[PDB]
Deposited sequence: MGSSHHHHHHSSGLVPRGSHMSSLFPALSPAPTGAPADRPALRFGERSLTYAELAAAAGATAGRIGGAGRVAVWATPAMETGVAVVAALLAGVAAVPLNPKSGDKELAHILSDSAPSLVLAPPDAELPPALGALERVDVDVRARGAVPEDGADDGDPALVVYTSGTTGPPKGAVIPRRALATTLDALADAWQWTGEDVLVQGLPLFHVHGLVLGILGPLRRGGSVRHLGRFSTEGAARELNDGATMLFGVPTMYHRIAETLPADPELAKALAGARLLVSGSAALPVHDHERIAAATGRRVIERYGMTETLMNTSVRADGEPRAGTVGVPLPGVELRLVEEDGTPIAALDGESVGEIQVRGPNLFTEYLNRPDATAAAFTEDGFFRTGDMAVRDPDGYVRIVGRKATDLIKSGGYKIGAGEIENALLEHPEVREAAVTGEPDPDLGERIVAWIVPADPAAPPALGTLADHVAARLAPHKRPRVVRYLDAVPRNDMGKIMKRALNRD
């Protein structure tokens, strides 16, 4: 999976940079040795997945050990952690030494991840179908399902992207994405390691931080559309940001659609374009605009090598016939953990995954996502948010009789979460702050409502 880490590297390859988090870093040899020491201490494991160097070491340790990792959002609330802990039943939690863990984890064995530890890299005994990660992803109803992602899916999607993006071990990625989802963790940490390159993780994203790294040897930027919106807003005032983007080898957006107004403001300011790629937790990456392809706003390009894609079948490349994307390939997840009926429902009889995403293809083969088959989802900041679980949390509040949750457009977030409340007392309805704080404390801050509306009645 990482031939530059296992077996332990030697000579010049060993002293190449691997991970950089501000002034903290690890070379390939240092990462292999620190992850190896950790791997020997874990013969499923949870990872307290802060946007910090320890998270890279922890996940690489699990992969070297051949033990599935379950990334935890360090801002998850009590309900959300209890569910993941009960569902995935990890043996231990890998955490940074100084992390304050919440009481939901009080009974779990804590293994501190030491980035200065030096141990042997375990022998690789893993099989390609072995679970690599369990990544919790929201559905339209109920609590998040654990997508079990096999080792082979990681290798194949990362190598497919290497071909599409002309990504090599000479590339230096900058990113500031969360490390408990696929974009930040798989593409943004494991991808550079599989390639033999490096990543500079910003901790918290900022336009200034992205500019700094791209003006100082970073060659690629990955972000969600919200980050590109904030870049587009800042460009007129920020000459060094404009130069940073103009000089980049590749700018990539994903997790949600990049609006054409943001695309074109970036092109106006910098003279170059942002590649979009389309993927899902359950499928990893499906399509991308290629580095050697024509840049086309509002598209997600062509199927990646090894991905079988169809629209439903619609065979005309007409830019007009709307159909459901379905995919098959070694990029696919194994199952939803403990959910065999939901797993079976996600697949056609002949083994294609039903994405729910609606698309056309143009005469060049390019895919444009234009909607949904039956059921909108909510994407806020490039997080997929499930309405039903936000409703279920709001219903716990004593000032809420009934609740419905929807998304509405937001120029910065793509969509913002709306809470529709039948109050306990219509003359004293619960304020947004009380409801938002409650959902943040139960679920996670990114899932909080940003708007509240009161009604007499909501769907049952």
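- According to the record, the deposited residues with no C-alpha atom in the structure span 1 to 23, 67 to 69, 339 to 343, 492 to 505.
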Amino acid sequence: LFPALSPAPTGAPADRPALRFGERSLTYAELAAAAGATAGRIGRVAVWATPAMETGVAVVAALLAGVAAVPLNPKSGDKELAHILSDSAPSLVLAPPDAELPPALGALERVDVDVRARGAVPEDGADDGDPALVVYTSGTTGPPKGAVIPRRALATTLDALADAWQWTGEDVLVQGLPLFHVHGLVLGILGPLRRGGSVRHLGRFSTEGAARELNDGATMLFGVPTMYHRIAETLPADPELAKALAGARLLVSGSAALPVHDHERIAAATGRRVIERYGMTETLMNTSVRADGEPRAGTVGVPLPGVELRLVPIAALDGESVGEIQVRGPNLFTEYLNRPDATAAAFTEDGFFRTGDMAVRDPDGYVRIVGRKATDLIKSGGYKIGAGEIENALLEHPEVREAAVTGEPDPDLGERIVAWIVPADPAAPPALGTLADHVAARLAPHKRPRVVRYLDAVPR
From here on, numbers count along this sequence of modelled residues.
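- Per the PDB record, of the two stretches 25 to 33 and 427 to 435, 427 to 435 carries the greater mean B-factor over its C-alpha atoms.
- The stretch with the higher mean CA B factor, choosing between 396 to 404 and 44 to 52, is 396 to 404.
- Of all the options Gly279, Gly176, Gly169, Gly139, the entry's greatest CA B-factor is assigned to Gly139.
- For the set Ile84, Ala210, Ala155, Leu377, the PDB entry puts the maximum C-alpha B factor at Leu377.
- When all modelled residues of the chain are sorted by CA temperature factor, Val370 is found within the highest third.
- When the modelled residues of the chain are ordered by C-alpha B-factor, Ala12 sits in the highest third.
- Placement of the Cα temperature factor of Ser76 within the chain: middle third of the modelled residues, per the deposited record.
- When the modelled residues of the chain are ordered by their C-alpha B factor, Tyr336 lands in the middle third.
- In this PDB entry, the Cα temperature factor of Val115 sits in the middle third of its chain's modelled residues.
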